[PDB]
Amino acid sequence: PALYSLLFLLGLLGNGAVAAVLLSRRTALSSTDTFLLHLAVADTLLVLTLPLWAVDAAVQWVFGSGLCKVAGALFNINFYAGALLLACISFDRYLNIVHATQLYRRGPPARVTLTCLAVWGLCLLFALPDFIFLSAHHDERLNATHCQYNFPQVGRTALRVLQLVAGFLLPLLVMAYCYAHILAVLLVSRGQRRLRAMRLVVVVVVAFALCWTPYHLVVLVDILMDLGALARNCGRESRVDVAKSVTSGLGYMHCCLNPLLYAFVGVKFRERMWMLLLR
Ligand SMILES: CC1(C)[C@H]2CC=C(C[N+](C)(C)Cc3ccc(-c4ccccc4I)cc3)[C@@H]1C2
């Protein structure tokens, strides 16, 4: 539990600072700056639920079904928001670094509020089912009490497939295309900043892959076990549960790392932070 709490403190501190710095600007904010601020807000909301998940996984849900509905809606909204914002940041980087000559602007701040509102609204509509269905069941298989759905198993499979194909696959493909072309362009440029650019892009892509792929791999394993492709047994189910726990831990680790890998490495944001601390 100590590592859980330590993860909590860093996550709150890191994202809170990023949101604080970006909200201390008296003028327009670049598109990527807006996306980063929204991502920081989403990640703060998402990490607010860490103690709940830890307690639930440790002993049992004891907060009732209403707190389930609220927390599940919170988590789904923030999760989808984080995924889609990480995809939108990469798309903005692509448009600004690959088509840079075709999108030149002589210092007007291109407003991007439309995409942010669309993302948030779509996330809310995606998370809708949590407000209605998520509750607390008394299982007979584990003799425990957790927060789960009450859909038909086919409905559970449909929801899992939707999660897989709208939270991992599409963002991942967008990121891959955008960042691969960014690398391709940067390796054919001339300057002393292309080096750190490629290194940071590669680090970001590797972090995303090796922090998200495990959980969705486990989700696909569960889908397969519910689709008849794999055989259900006590040992396999226990291993799936262990994988669930560890992969969720890794996901929270990524959520805590996000501020470092996206905000604190930029000279712009570091100058902003130092100026704000001076004030
Ligand atoms: C949170 C709750 C209290 C309510 C919502 C779902 C719960 C369980 N569940 C589904 C395990 C949370 C969950 C989901 C996804 C991730 C994750 C995966 C990859 C990358 C980043 C992340 I973040 C981590 C945890 C508990 C009931």
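Definitions and cut-offs
- Residues numbered from 1 in each chain as written, not as in the entry; some residues may be left out.
- Heavy atoms only, no water.
- UniProt positions renumbered as here; feature names shortened; annotations may be inferred.
- Disulfide = S-S within 2.5 Å.
- Helix = DSSP H or I, 4+ residues; strand = E, 2+ residues; numbered from the N terminus.
- Buried < 20%, exposed > 50% of the residue type's maximum accessible area, 1.4 Å probe, protein only.
- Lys, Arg positive; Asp, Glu negative; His and termini not counted.
- Salt bridge = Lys/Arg side-chain N within 4 Å of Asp/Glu carboxyl O.
- Polar contact = N/O pair within 3.5 Å; in protein donor to acceptor, adjacent residues only side chain to side chain.
- Contact = heavy atoms within 4.5 Å.
- Near = heavy atom within 4 Å.
- Areas by Shrake-Rupley, 256 points an atom, 1.4 Å probe, with all protein chains shown as cover.
- Nonpolar A, V, L, I, M, F, W, Y, C, P; charged D, E, K, R; others polar.
- Patch = residues over 30% accessible without salt bridge, like charges linked within 9 Å, V, L, I, M, F, W, Y side chains within 5 Å.

- This deposited entry lists cryo-EM as its structure determination method and 3.53 Å as its resolution.

- Per the PDB entry, the protein chain goes by C-X-C chemokine receptor type 3 and derives from Homo sapiens.
- Its official PDB title, as written in the record, is "Structure of CXCR3 in complex with VUF11418 (Receptor-ligand focused map)".
- According to the UniProt record, the Sequence similarities comment for the protein chain reads "Belongs to the G-protein coupled receptor 1 family."

## Side note on the UniProt feature "disulfide bond" in the protein chain
Moving on, step 1. The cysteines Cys 68 and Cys 147 that UniProt joins by a disulfide are bonded here; their SG atoms are 2.0 Å apart. Separated by 79 residues along the polypeptide, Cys 68 in helix α4 (residues 64-97) and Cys 147 in strand β2 (residues 145-148) bring together distant segments of the chain.
Moving on, step 2. Owing to a relative accessible area of 26%, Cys 147 belongs among the partly exposed residues under this scheme.

## With respect to the side chain of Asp 92
Moving on, step 1. One can find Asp 92 in helix α4.
Moving on, step 2. One buried charge, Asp 92, has no salt-bridge partner; the nearest side chain with opposite charge is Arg 93, at 6.5 Å.
Moving on, step 3. A polar contact of 2.5 Å, which involves the side chain of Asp 92, links it to the side chain of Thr 32.
Moving on, step 4. Here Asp 92 is in contact with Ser 31, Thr 32 and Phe 35, once residues within four sequence places are set aside.

## A closer look at the site of the ligand
Moving on, step 1. Lining the immediate surroundings of the ligand are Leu 46, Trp 53, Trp 61, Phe 75, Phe 79, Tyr 215, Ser 248, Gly 251 and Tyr 252.
Moving on, step 2. Relative to its free-state accessible area of 600 Å², the ligand is covered by the protein chains to the extent of 86%.
Moving on, step 3. At the level of elements, α4 and α8 (234-262) are the ones that each hand at least two residues to the shell around the ligand.
Moving on, step 4. Split by residue class, the shell around the ligand holds seven nonpolar, two polar and no charged.

## Quick word on a nonpolar patch on the surface
Moving on, step 1. Together, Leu 124, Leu 125, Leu 128, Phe 131 and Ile 132 make up an exposed nonpolar region whose accessible area comes to about 490 Å².
Moving on, step 2. Note that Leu 128 resides in helix α5 (residues 113-132).

## Remarks on the environment of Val 62
Moving on, step 1. Checked against the element boundaries, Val 62 lands in the loop between α3 (50-58) and α4.
Moving on, step 2. The class of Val 62 is exposed, set by a relative accessible area of 55%.
Moving on, step 3. A C-alpha to C-alpha distance of 22 Å links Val 62 and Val 246, two positions 184 residues apart in sequence.

## Details of the side chain of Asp 130
Moving on, step 1. Mapped onto the secondary structure, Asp 130 falls in helix α5.
Moving on, step 2. Lacking a salt bridge, the buried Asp 130 has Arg 160 as its closest oppositely charged neighbour, with an N-O distance of 9.5 Å.
Moving on, step 3. A polar side-chain atom of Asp 130 sits 3.0 Å from a polar atom in the side chain of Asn 76.
Moving on, step 4. Here the side chain of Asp 130 touches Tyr 149 through a polar contact of 3.4 Å, side chain to side chain.
Moving on, step 5. Look past the residues within four positions of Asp 130 in its chain and what remains in contact with it is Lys 69, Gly 72, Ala 73, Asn 76 and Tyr 149.

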